[PDB]
Each structure stands twice: as C-alpha cells, then as structure tokens.
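Asks: Need coordinates for the following:
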Amino acid sequence: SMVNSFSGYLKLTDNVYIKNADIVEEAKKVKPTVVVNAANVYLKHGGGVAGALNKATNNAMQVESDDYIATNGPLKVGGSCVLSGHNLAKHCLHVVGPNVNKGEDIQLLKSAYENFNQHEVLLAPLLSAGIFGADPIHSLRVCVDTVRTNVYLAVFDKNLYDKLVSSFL
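Replies: Residues are numbered from 1 along each chain as shown. Please see the structure below:
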C-alpha cells in the first residue's frame with residue numbers, strides 16, 4: 001500500500017490500525033480524504049463523536065446536514081451519506097450504527113461497517129461505541145471482519161484503547 005501520514009498507530013491486521021486519539025485533533029492534523037462520523041438517522045450532531053466533529057466545524061456540519069435531511073429525508077440504520085469534511089477532511093462519511101439505547105439490532109453493525117469499503121482509506125471511530133451503547137470490543141471485531149479497505153481507528157478513552165489492544169485476537 002502507499003505511504004500515508006497517519007502516525008503512531010498500532011497495526012492490528014493487514015488493513016486495520018488503531019490509536020488512542022481524539023478524532024477531532026487527528027483529523028485536523030492529517031486532513032484525511034475521509035473522516036467517518038458516528039451519525040444518527042437525522043444527522044443531529046448533538047453529542048459523542050458527532051457533537052465533537054460538528055463543534056470543530058463551528059456548526060457548519062450541522063447546517064449542511066439539515067439541508068441534506070430536508071432534501072433527502074433520514075438515513076437508514078446501517079446506512080450512510082457522504083458530505084463535506086469542512087475543516088477536518090476532504091469528505092465526511094456519516095455512518096449510522098445501531099444505537100442499543102434505542103433497541104436497534106446489533107447485526108446492523110456489520111451493514112454499517114460495509115459502508116467503509118466504498119473508500120480506500122478512512123479515519124474512523126468505532127461504530128456504535130460510546131453513547132450508542134454497544135460493546136467496543138465487539139465493534140472492533142466486526143470492523144476487522146468486515147472492512148477490507150484501510151481504516152485508522154481513533155479511540156477516545158485511553159483505558160478502553162488499552163483493553164481493545166490487550167483483548168484483540
């Protein structure tokens with residue numbers, strides 16, 4: 001594969017890399033072609049990764065997203081759309097993982113990760129982790145077993161990062 005500027009990642013597999021990092025700061029530094037947002041179907045970027053990415057864009061992500069929804073309607077759980085990356089990336093891939101706090105079926109997590117295969121290289125969070133309520137160890141497993149393109153995972157919490165690495169098979 002071609003050399004790229006992602007730095008300090010642990011290599012998990014042929015195509016999956018992981019780092020304890022703030023995805024906002026990572027994106028600002030690297031300016032990747034694609035940053036993944038942990039979106040919901042309404043593209044309401046209130047909290048978690050989405051709230052942080054949107055805040056870093058000075059709410060431009062939300063303004064763009066509101067126009068997207070007005071034109072196209074909600075996304076599907078497991079679905080995605082490509083919008084601007086604003087000051088963070090060329091593009092933002094908004095991906096909707098299932099929210100366990102909404103009762104959504106965890107099997108949709110695989111469908112959510114399949115969206116990553118449409119992009120050769122991505123900076124991403126673990127889908128359905130954090131406030132979406134899924135087990136991040138499971139999310140990492142689904143990622144490795146689903147994504148075939150090159151994915152650089154940013155894990156917000158240091159303790160969780162260490163547990164993901166130390167439990168990885």
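
Asks: any idea how far residue 110 is from the residue nearest to residue 49 when sequence neighbours are not counted?
Replies: Once flanking residues are discounted, residue 49 sits nearest to residue 38: 4.0 Å by Cβ to Cβ, 6 or more residues apart in numbering. Yep, even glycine has a C-beta here, placed from its N, CA and C like the rest. With distances taken as Cβ to Cβ, to the nearest Å, residue 38 is found 16 Å from residue 110.

Asks: Comparing those two, which residue is more hemmed in?
Replies: In this comparison of residue 38 against residue 110, neighbours counted by other Cβ atoms under 10 Å, the higher total goes to residue 38 at 28 against 14.

Asks: Return the distance of the residue nearest to residue 49 relative to residue 128.
Replies: 8 Å.

Asks: Check the contact lists of these two and give me the overlap.
Replies: In terms of Cβ atoms under 8 Å, 6 or more residues apart in numbering, residue 38 and residue 128 are both contacted by the residues residue 97.

Asks: Which residues belonging to whichever strand or helix holds residue 49 are considered buried?
Replies: Residue 49 belongs to helix 48-56 when elements are defined using DSSP states H and E. The neighbour-count check on helix 48-56 (16 or more other Cβ atoms under 10 Å) flags 48-50, 52-54, 56 as buried.

Asks: cool, stretch 91-111 as well?
Replies: Using 16+ other Cβ under 10 Å as the test for burial, stretch 91-111 gives 91-100, 104, 106, 108-109, 111.

Asks: now the buried residues of helix 48-56 in CSV, with distance to residue 7?
Replies: As requested, the buried residues of helix 48-56 are arranged in CSV below (distance: Cβ to Cβ, whole Å):
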residue, distance to residue 7
48, 25
49, 21
50, 25
52, 21
53, 20
54, 25
56, 20
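
Asks: so which of those residues comes closest to residue 17?
Replies: residue 49 (17.7 Å; Cβ to Cβ).
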